[PDB]
Amino acid sequence: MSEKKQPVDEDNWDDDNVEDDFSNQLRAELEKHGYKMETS
Amino acid sequence: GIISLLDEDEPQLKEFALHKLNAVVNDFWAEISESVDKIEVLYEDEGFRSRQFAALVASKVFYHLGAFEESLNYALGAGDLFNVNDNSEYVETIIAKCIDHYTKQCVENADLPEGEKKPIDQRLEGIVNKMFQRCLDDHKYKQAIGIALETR
Amino acid sequence: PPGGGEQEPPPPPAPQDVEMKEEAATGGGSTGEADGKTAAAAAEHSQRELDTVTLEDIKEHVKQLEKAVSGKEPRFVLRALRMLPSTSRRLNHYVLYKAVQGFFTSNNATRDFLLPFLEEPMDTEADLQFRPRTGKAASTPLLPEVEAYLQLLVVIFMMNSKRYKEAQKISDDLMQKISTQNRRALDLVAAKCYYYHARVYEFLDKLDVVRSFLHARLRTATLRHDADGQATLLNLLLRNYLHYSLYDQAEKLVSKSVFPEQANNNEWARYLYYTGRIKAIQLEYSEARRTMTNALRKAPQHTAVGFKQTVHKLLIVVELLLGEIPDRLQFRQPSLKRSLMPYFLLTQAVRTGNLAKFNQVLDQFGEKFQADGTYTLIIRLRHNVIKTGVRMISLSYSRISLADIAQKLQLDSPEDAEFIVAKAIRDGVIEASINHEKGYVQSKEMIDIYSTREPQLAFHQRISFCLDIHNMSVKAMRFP
Amino acid sequence: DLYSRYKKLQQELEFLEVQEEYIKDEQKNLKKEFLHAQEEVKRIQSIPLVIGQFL
């Protein structure tokens with residue numbers, strides 16, 4: 001700007017918006033969905 | 001939140017309330033905006049003789065919220081205390097409203113042409129020649145003829 | 001010694017070249033620009049001054065360093081004098097004193113001796129015309145010098161600047177008053193110094209009296225001469241009256257107006273961020289989200305660096321209270337990254353309804369939140385996330401049972417779920433009907449919004465928005 | 001004397017203020033007259049026509 005008190009105080013980054021939804025939800029996931037085979 | 005002090009009808013609290021205001025009124029100009037309704041209680045009170053000064057603080061709040069002509073209405077009934085202050089900026093802004101209101105009334109008066117006269121307050125026409133005495137005393141002739149062309 | 005001794009002479013000519021021609025070409029150019037036309041203003045050199053001072057605020061200011069004695073401050077401030085065309089001799093004498101630094105032993109006339117120097121344009125008898133040039137002479141030497149921040153005995157010289165430049169304010173209000181057009185050029189200069197007013201006080205004590213002195217210049221610019229002047233003064237208000245209590249939130253109602261017309265560009269864009277944080281404490285989200293979004297898209301151009309990034313950090317804070325937010329790393333910058341890491345995973349726990357994850361974010365990352373002062377929302381944001389969690393489920397399902405959504409959102413009890421859904425209907429969040437026996441919640445698909453209703457009714461605001469820009473383009477076309 | 005010119009200077013102010021509707025009303029008429037001139041050139045030649053070879 002730089003006035004007032006402003007100064008006083010593909011990529012994987014783009015996919016990381018969606019990728020972090022995988023971190024907190026359902027992992028990826030292979031193993032668990034692979035364990036669900038013989039469950040029922 | 002000193003607004004609640006105005007609920008009392010005893011006078012001697014009001015002069016100490018305005019003594020606080022008019023000093024810090026510069027910083028508190030935003031605070032006076034909500035005192036409108038409770039200033040009118042003092043302005044309309046018959047036993048309140050400071051209504052002349054209460055008209056000034058009523059003109060400051062309306063000037064803060066964007067009201068102008070209403071402050072000119074209170075300037076009329078504000079007595080001699082309003083026209084006695086020639087200091088700083090507030091003198092030239094009120095005469096710009098008052099003399100323009102005066103000169104547009106005189107042009108209206110000449111269109112009568114005679115009879116059926118509109119009411120003319122003695123205070124608005126009184127400061128015309130009163131402030132015009134500051135001209136002849138200042139000896140400057142160039143604008144001495146100018147006021148006569150103004151009022152027509 | 002001989003190697004570094006011969007390299008000392010060359011640099012000081014560089015401030016004797018560009019820094020000379022800084023105020024020689026602009027100041028000598030703005031001379032005729034401020035004598036007439038003077039439309040508007042414009043006086044584009046005052047806006048060119050924005051491309052100098054802000055450029056000088058990095059390098060070189062007046063000083064510097066660079067390997068001079070800091071003699072440019074006394075040089076231009078002496079021998080104004082001025083008169084008819086002999087003012088060129090003053091610029092010629094400014095060239096004559098350039099050799100004084102390179103030939104004789106150089107002496108520093110700044111600081112202690114700068115007190116009578118600011119009086120010299122008055123002592124030269126006389127200025128005789130432009131206060132903004134002397135205001136520049138009372139600012140550009142001293143105000144860029146404030147960036148040193150040594151705090152010892154020169155802060156009162158920064159205050160002496162704010163003194164003798166308040167004497168320029170005495171010449172600002174008293175002189176002219178009729179078709180000034182220097183005030184509008186000074187409204188850029190008076191802004192800055194009033195910014196430096198606020199800045200210098202923040203290092204010692206916040207200004208109690210200047211708050212009263214701010215309303216002085218504030219109210220007196222109305223109605224006589226106001227262009228962009230009251231806006232910058234209103235920026236001083238909402239800036240500090242925010243960070244300091246109280247009542248200043250609702251104050252914006254009686255002040256506005258707007259104040260029109262918004263100037264200059266991004267300068268008013270940040271103003272919507274100021275009132276944006278205000279309206280965030282009013283708890284109203286919808287008016288806060290539009291003023292914050294407009295604050296980013298209306299703000300050019302940066303860089304550098306985190307000044308626009310930090311203001312954008314706390315800008316999306318209103319989006320945390322909206323209940324609908326995506327992952328905010330799409331707004332991340334490699335420079336802002338390291339600073340937003342405690343504030344990053346926060347919104348990542350907002351997208352989820354887990355209490356153990358949300359409370360762990362508050363414990364570890366609460367230290368970063370102390371500097372922001374955002375703790376007001378953390379108590380009401382728990383109620384915001386539970387609305388996002390139920391909206392995620394209610395939009396994903398037709399019917400949602402209270403017992404199944406009980407532990408899934410871990411409300412843990414049927415009774416408080418009846419209290420939340422009740423308040424969810426009160427807020428218009430959910431349309432779900434509830435059949436109380438045990439009980440359970442049985443909802444149904446909401447429809448009939450259709451086509452003929454919402455889009456064509458919204459297009460009334462879309463076209464009224466577009467047809468006004470047709471006038472905005474014509475108005476902007478009429479100036480050239 | 002300064003109030004004299006102060007009563008003189010708003011004349012050309014207001015004289016150019018009525019010069020605003022002067023052009024604005026004139027230019028829109030002539031604009032519609034220019035749009036009427038567009039129908040002119042499109043009217044010519046109408047019919048009939050004869051084929052010819054460009055060189």
# chains A, B, ... in the order shown; residues from 1 in each chain; ligands from 1
call {"tool": "select_by_dssp", "arguments": {"residues": "chain D", "states": "alpha helix (DSSP H)", "output": "PyMOL selection string"}}
result
chain D and resi 2-43
call {"tool": "write_last_selection", "arguments": {"atoms": "N, CA and C atoms", "output": "CSV table (one decimal), in the first residue's frame"}}
result
chain,number,residue,atom,x,y,z
D,2,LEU,N,-14.2,42.2,-4.3
D,2,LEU,CA,-14.1,40.8,-4.4
D,2,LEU,C,-15.4,40.1,-4.3
D,3,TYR,N,-16.4,40.7,-3.7
D,3,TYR,CA,-17.8,40.2,-3.8
D,3,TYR,C,-18.4,40.6,-5.1
D,4,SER,N,-18.0,41.7,-5.7
D,4,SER,CA,-18.4,42.1,-7.0
D,4,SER,C,-18.2,40.9,-8.0
D,5,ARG,N,-16.9,40.6,-8.2
D,5,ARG,CA,-16.5,39.5,-9.1
D,5,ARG,C,-17.2,38.2,-8.6
D,6,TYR,N,-17.3,38.0,-7.3
D,6,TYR,CA,-18.0,36.9,-6.7
D,6,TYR,C,-19.4,36.8,-7.2
D,7,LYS,N,-20.1,37.9,-7.5
D,7,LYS,CA,-21.4,38.0,-8.1
D,7,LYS,C,-21.3,38.0,-9.7
D,8,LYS,N,-20.1,38.2,-10.2
D,8,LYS,CA,-19.9,38.1,-11.6
D,8,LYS,C,-19.6,36.6,-12.1
D,9,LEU,N,-18.8,35.9,-11.3
D,9,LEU,CA,-18.2,34.6,-11.8
D,9,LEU,C,-19.2,33.5,-11.9
D,10,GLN,N,-20.3,33.5,-11.1
D,10,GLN,CA,-21.3,32.5,-11.3
D,10,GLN,C,-22.2,32.6,-12.5
D,11,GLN,N,-22.1,33.7,-13.2
D,11,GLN,CA,-22.7,33.8,-14.5
D,11,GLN,C,-22.3,32.8,-15.5
D,12,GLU,N,-21.0,32.9,-15.9
D,12,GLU,CA,-20.5,31.9,-16.8
D,12,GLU,C,-20.5,30.5,-16.2
D,13,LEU,N,-20.4,30.4,-14.9
D,13,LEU,CA,-20.7,29.1,-14.2
D,13,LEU,C,-22.1,28.6,-14.6
D,14,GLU,N,-23.1,29.3,-14.3
D,14,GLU,CA,-24.5,29.0,-14.7
D,14,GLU,C,-24.7,29.1,-16.2
D,15,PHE,N,-23.9,29.9,-16.9
D,15,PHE,CA,-24.0,30.0,-18.4
D,15,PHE,C,-23.5,28.7,-19.0
D,16,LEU,N,-22.5,28.1,-18.4
D,16,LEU,CA,-22.0,26.8,-18.9
D,16,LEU,C,-22.8,25.7,-18.3
D,17,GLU,N,-23.6,26.0,-17.2
D,17,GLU,CA,-24.5,24.9,-16.7
D,17,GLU,C,-25.6,24.7,-17.6
D,18,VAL,N,-26.2,25.8,-18.3
D,18,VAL,CA,-27.2,25.6,-19.3
D,18,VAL,C,-26.6,25.2,-20.6
D,19,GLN,N,-25.2,25.3,-20.7
D,19,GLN,CA,-24.5,24.8,-21.9
D,19,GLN,C,-24.4,23.3,-21.8
D,20,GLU,N,-24.6,22.7,-20.6
D,20,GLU,CA,-24.6,21.3,-20.4
D,20,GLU,C,-25.8,20.6,-21.2
D,21,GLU,N,-27.0,21.1,-20.9
D,21,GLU,CA,-28.2,20.6,-21.6
D,21,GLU,C,-28.2,21.0,-23.0
D,22,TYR,N,-27.4,22.1,-23.4
D,22,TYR,CA,-27.3,22.6,-24.7
D,22,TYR,C,-26.8,21.5,-25.6
D,23,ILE,N,-25.6,20.9,-25.4
D,23,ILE,CA,-25.0,19.9,-26.2
D,23,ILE,C,-25.7,18.6,-26.0
D,24,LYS,N,-25.9,18.2,-24.7
D,24,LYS,CA,-26.5,16.9,-24.4
D,24,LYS,C,-27.8,16.6,-25.1
D,25,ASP,N,-28.6,17.7,-25.2
D,25,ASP,CA,-29.9,17.5,-25.9
D,25,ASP,C,-29.6,17.6,-27.4
D,26,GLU,N,-28.6,18.4,-27.8
D,26,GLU,CA,-28.3,18.5,-29.3
D,26,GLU,C,-27.7,17.3,-29.8
D,27,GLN,N,-26.7,16.7,-29.1
D,27,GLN,CA,-26.0,15.6,-29.5
D,27,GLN,C,-26.8,14.3,-29.6
D,28,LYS,N,-27.8,14.2,-28.7
D,28,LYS,CA,-28.7,13.0,-28.8
D,28,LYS,C,-29.7,13.1,-30.0
D,29,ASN,N,-30.2,14.2,-30.2
D,29,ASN,CA,-31.0,14.5,-31.5
D,29,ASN,C,-30.2,14.1,-32.7
D,30,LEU,N,-29.0,14.8,-32.9
D,30,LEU,CA,-28.2,14.5,-34.0
D,30,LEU,C,-27.7,13.0,-34.0
D,31,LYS,N,-27.6,12.4,-32.8
D,31,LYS,CA,-27.4,10.9,-32.8
D,31,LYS,C,-28.5,10.2,-33.4
D,32,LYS,N,-29.8,10.5,-33.0
D,32,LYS,CA,-30.9,9.9,-33.7
D,32,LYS,C,-31.0,10.3,-35.1
D,33,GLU,N,-30.5,11.5,-35.5
D,33,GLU,CA,-30.4,11.9,-36.9
D,33,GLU,C,-29.3,11.1,-37.6
D,34,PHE,N,-28.3,10.8,-36.9
D,34,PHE,CA,-27.2,9.9,-37.5
D,34,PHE,C,-27.7,8.5,-37.6
D,35,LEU,N,-28.5,8.0,-36.6
D,35,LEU,CA,-29.1,6.7,-36.8
D,35,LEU,C,-30.1,6.7,-37.9
D,36,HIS,N,-30.8,7.9,-38.1
D,36,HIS,CA,-31.7,8.0,-39.3
D,36,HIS,C,-30.8,8.1,-40.5
D,37,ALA,N,-29.6,8.6,-40.5
D,37,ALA,CA,-28.7,8.5,-41.6
D,37,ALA,C,-28.2,7.1,-41.9
D,38,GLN,N,-28.3,6.2,-40.9
D,38,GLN,CA,-27.9,4.8,-41.2
D,38,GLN,C,-29.0,4.2,-42.0
D,39,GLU,N,-30.3,4.5,-41.8
D,39,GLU,CA,-31.3,4.0,-42.7
D,39,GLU,C,-31.2,4.5,-44.1
D,40,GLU,N,-30.7,5.7,-44.3
D,40,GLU,CA,-30.4,6.3,-45.6
D,40,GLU,C,-29.5,5.4,-46.4
D,41,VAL,N,-28.3,5.3,-46.0
D,41,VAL,CA,-27.3,4.5,-46.7
D,41,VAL,C,-27.8,3.1,-46.9
D,42,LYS,N,-28.5,2.5,-46.0
D,42,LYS,CA,-29.1,1.2,-46.2
D,42,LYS,C,-30.3,1.1,-47.1
D,43,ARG,N,-30.9,2.3,-47.3
D,43,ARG,CA,-32.0,2.4,-48.2
D,43,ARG,C,-31.5,2.3,-49.7
call {"tool": "closest_atom_pairs", "arguments": {"of": "chain B", "to": "chain C", "cutoff": "9 Å", "atoms": "only C-alpha atoms", "output": "CSV"}}
result
residue,atom,partner,partner_atom,distance
B:24,CA,C:212,CA,7.7
B:25,CA,C:212,CA,8.7
B:26,CA,C:212,CA,5.7
B:27,CA,C:212,CA,4.3
B:28,CA,C:212,CA,8.1
B:29,CA,C:215,CA,8.0
B:30,CA,C:251,CA,6.5
B:31,CA,C:251,CA,8.4
B:33,CA,C:254,CA,7.3
B:64,CA,C:254,CA,7.2
B:65,CA,C:254,CA,5.2
B:66,CA,C:254,CA,8.1
B:89,CA,C:220,CA,8.0
B:93,CA,C:224,CA,8.6
call {"tool": "residues_around", "arguments": {"residues": "segment 45-50 of chain B", "least_positions_apart": "3", "cutoff": "10 Å", "atoms": "only C-alpha atoms", "output": "list in words"}}
result
residues 9, 10, 11, 14, 15, 39, 40, 41, 42, 53, 54, 55 and 78 of chain B
call {"tool": "atom_distance", "arguments": {"atom1": "atom CA of residue 337 of chain C", "atom2": "atom CA of residue 306 of chain C"}}
result
10.0 Å
call {"tool": "atom_distance", "arguments": {"atom1": "atom CA of residue 382 of chain C", "atom2": "atom CA of residue 433 of chain C"}}
result
24.3 Å
call {"tool": "atom_distance", "arguments": {"atom1": "atom CA of residue 151 of chain B", "atom2": "atom CA of residue 133 of chain B"}}
result
15.3 Å
call {"tool": "residues_around", "arguments": {"residues": "residue 128 of chain B", "least_positions_apart": "5", "cutoff": "9 Å", "atoms": "only C-alpha atoms", "output": "ChimeraX atom specification"}}
result
/B:99,102,123,133,147
call {"tool": "interface_residues", "arguments": {"of": "chain B", "to": "chain D", "cutoff": "10 Å", "atoms": "only C-alpha atoms", "output": "ChimeraX atom specification"}}
result
/B:141-147,149-150
call {"tool": "write_last_selection", "arguments": {"atoms": "C-alpha atoms", "output": "PDB file, in the first residue's frame"}}
result
ATOM      1  CA  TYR B 141     -15.070  51.126   0.808  1.00  0.00           C
ATOM      2  CA  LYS B 142     -14.916  48.416  -1.871  1.00  0.00           C
ATOM      3  CA  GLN B 143     -17.333  46.052  -0.127  1.00  0.00           C
ATOM      4  CA  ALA B 144     -19.343  48.806   1.581  1.00  0.00           C
ATOM      5  CA  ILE B 145     -21.486  49.139  -1.549  1.00  0.00           C
ATOM      6  CA  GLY B 146     -21.577  45.346  -1.939  1.00  0.00           C
ATOM      7  CA  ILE B 147     -24.011  44.645   0.902  1.00  0.00           C
ATOM      8  CA  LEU B 149     -26.408  45.010  -3.837  1.00  0.00           C
ATOM      9  CA  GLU B 150     -26.751  41.790  -1.813  1.00  0.00           C
TER      10      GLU B 150
END
call {"tool": "interface_residues", "arguments": {"of": "chain A", "to": "chain C", "cutoff": "12 Å", "atoms": "only C-alpha atoms", "output": "VMD selection string"}}
result
chain A and resid 1 to 9 11 to 25
call {"tool": "write_last_selection", "arguments": {"atoms": "C-alpha atoms", "output": "JSON list (two decimals), in the first residue's frame"}}
result
[["chain", "number", "residue", "atom", "x", "y", "z"],
["A", 1, "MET", "CA", 0.00, 0.00, 0.00],
["A", 2, "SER", "CA", 2.13, 0.89, 2.07],
["A", 3, "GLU", "CA", 0.57, 3.50, 4.35],
["A", 4, "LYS", "CA", -1.33, 3.71, 7.64],
["A", 5, "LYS", "CA", -0.55, 0.85, 10.03],
["A", 6, "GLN", "CA", -0.30, -1.78, 7.29],
["A", 7, "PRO", "CA", 3.48, -2.17, 7.66],
["A", 8, "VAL", "CA", 3.35, -1.46, 11.40],
["A", 9, "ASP", "CA", 1.89, -4.88, 12.16],
["A", 11, "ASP", "CA", 0.39, -27.45, -8.03],
["A", 12, "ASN", "CA", 0.21, -29.88, -5.10],
["A", 13, "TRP", "CA", -0.62, -26.75, -3.06],
["A", 14, "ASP", "CA", -3.79, -26.39, -5.14],
["A", 15, "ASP", "CA", -4.67, -30.05, -4.61],
["A", 16, "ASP", "CA", -3.77, -29.69, -0.93],
["A", 17, "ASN", "CA", -7.09, -27.86, -0.51],
["A", 18, "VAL", "CA", -8.86, -31.12, -1.36],
["A", 19, "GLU", "CA", -6.04, -33.34, -0.05],
["A", 20, "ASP", "CA", -6.49, -32.05, 3.52],
["A", 21, "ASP", "CA", -10.10, -33.23, 3.34],
["A", 22, "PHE", "CA", -8.57, -36.69, 3.01],
["A", 23, "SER", "CA", -6.39, -36.14, 6.09],
["A", 24, "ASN", "CA", -9.27, -35.56, 8.51],
["A", 25, "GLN", "CA", -11.74, -37.86, 6.75]]
call {"tool": "decode", "arguments": {"residues": "segment 2-33 of chain A", "atoms": "N, CA and C atoms", "output": "compact mmCIF listing (two decimals), in the first residue's frame"}}
result
# COMPACT_ATOMS: atom_id res chain seq x y z
N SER A 2 1.99 1.29 0.67
CA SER A 2 2.13 0.89 2.07
C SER A 2 2.03 2.09 3.00
N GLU A 3 0.81 2.37 3.45
CA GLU A 3 0.57 3.50 4.35
C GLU A 3 -0.13 3.04 5.63
N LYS A 4 -0.64 4.00 6.39
CA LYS A 4 -1.33 3.71 7.64
C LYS A 4 -0.52 2.78 8.53
N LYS A 5 -1.20 1.81 9.14
CA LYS A 5 -0.55 0.85 10.03
C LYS A 5 -0.42 -0.52 9.37
N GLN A 6 -0.41 -0.53 8.04
CA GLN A 6 -0.30 -1.78 7.29
C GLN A 6 1.05 -2.44 7.53
N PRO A 7 2.12 -1.65 7.45
CA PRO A 7 3.48 -2.17 7.66
C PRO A 7 3.84 -2.22 9.14
N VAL A 8 3.10 -1.48 9.96
CA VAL A 8 3.35 -1.46 11.40
C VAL A 8 3.21 -2.85 12.01
N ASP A 9 2.14 -3.54 11.65
CA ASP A 9 1.89 -4.88 12.16
C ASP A 9 1.81 -5.90 11.02
N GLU A 10 1.40 -27.06 -10.79
CA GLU A 10 -0.04 -27.14 -11.00
C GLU A 10 -0.90 -26.43 -9.93
N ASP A 11 -0.67 -26.64 -8.62
CA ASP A 11 0.39 -27.45 -8.03
C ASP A 11 -0.20 -28.35 -6.95
N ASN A 12 0.66 -29.13 -6.27
CA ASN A 12 0.21 -29.88 -5.10
C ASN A 12 -0.40 -28.98 -4.03
N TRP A 13 0.02 -27.72 -3.96
CA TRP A 13 -0.62 -26.75 -3.06
C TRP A 13 -2.09 -26.57 -3.42
N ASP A 14 -2.40 -26.54 -4.71
CA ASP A 14 -3.79 -26.39 -5.14
C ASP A 14 -4.60 -27.64 -4.80
N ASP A 15 -3.99 -28.81 -4.97
CA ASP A 15 -4.67 -30.05 -4.61
C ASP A 15 -4.70 -30.25 -3.10
N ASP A 16 -3.80 -29.56 -2.38
CA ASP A 16 -3.77 -29.69 -0.93
C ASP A 16 -5.03 -29.15 -0.28
N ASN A 17 -5.79 -28.31 -0.98
CA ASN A 17 -7.09 -27.86 -0.51
C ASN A 17 -8.02 -29.06 -0.37
N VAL A 18 -8.07 -29.90 -1.42
CA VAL A 18 -8.86 -31.12 -1.36
C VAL A 18 -8.14 -32.22 -0.61
N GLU A 19 -6.80 -32.26 -0.68
CA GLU A 19 -6.04 -33.34 -0.05
C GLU A 19 -6.18 -33.31 1.47
N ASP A 20 -6.28 -32.13 2.07
CA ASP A 20 -6.49 -32.05 3.52
C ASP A 20 -7.85 -32.57 3.94
N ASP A 21 -8.83 -32.58 3.04
CA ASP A 21 -10.10 -33.23 3.34
C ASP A 21 -9.93 -34.74 3.47
N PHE A 22 -8.89 -35.28 2.83
CA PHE A 22 -8.57 -36.69 3.01
C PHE A 22 -7.87 -36.94 4.34
N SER A 23 -7.14 -35.95 4.85
CA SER A 23 -6.39 -36.14 6.09
C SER A 23 -7.33 -36.33 7.28
N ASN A 24 -8.38 -35.51 7.36
CA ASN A 24 -9.27 -35.56 8.51
C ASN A 24 -10.44 -36.51 8.29
N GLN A 25 -10.61 -37.00 7.07
CA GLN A 25 -11.74 -37.86 6.75
C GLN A 25 -11.28 -39.04 5.90
N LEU A 26 -11.61 -40.25 6.37
CA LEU A 26 -11.50 -41.51 5.64
C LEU A 26 -10.08 -41.80 5.14
N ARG A 27 -9.06 -41.19 5.74
CA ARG A 27 -7.68 -41.42 5.34
C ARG A 27 -7.50 -41.28 3.83
N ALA A 28 -7.10 -42.36 3.17
CA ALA A 28 -6.99 -42.35 1.71
C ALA A 28 -8.21 -42.98 1.01
N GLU A 29 -8.55 -44.26 1.21
CA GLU A 29 -7.88 -45.24 2.07
C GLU A 29 -7.96 -46.63 1.44
N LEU A 30 -6.89 -47.41 1.59
CA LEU A 30 -6.83 -48.76 1.03
C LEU A 30 -7.10 -49.83 2.10
N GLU A 31 -6.25 -49.87 3.13
CA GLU A 31 -6.28 -50.95 4.11
C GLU A 31 -7.68 -51.15 4.70
N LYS A 32 -8.28 -50.07 5.21
CA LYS A 32 -9.60 -50.18 5.82
C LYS A 32 -10.64 -50.66 4.81
N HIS A 33 -10.69 -50.02 3.63
CA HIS A 33 -11.59 -50.48 2.59
C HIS A 33 -11.19 -51.86 2.06
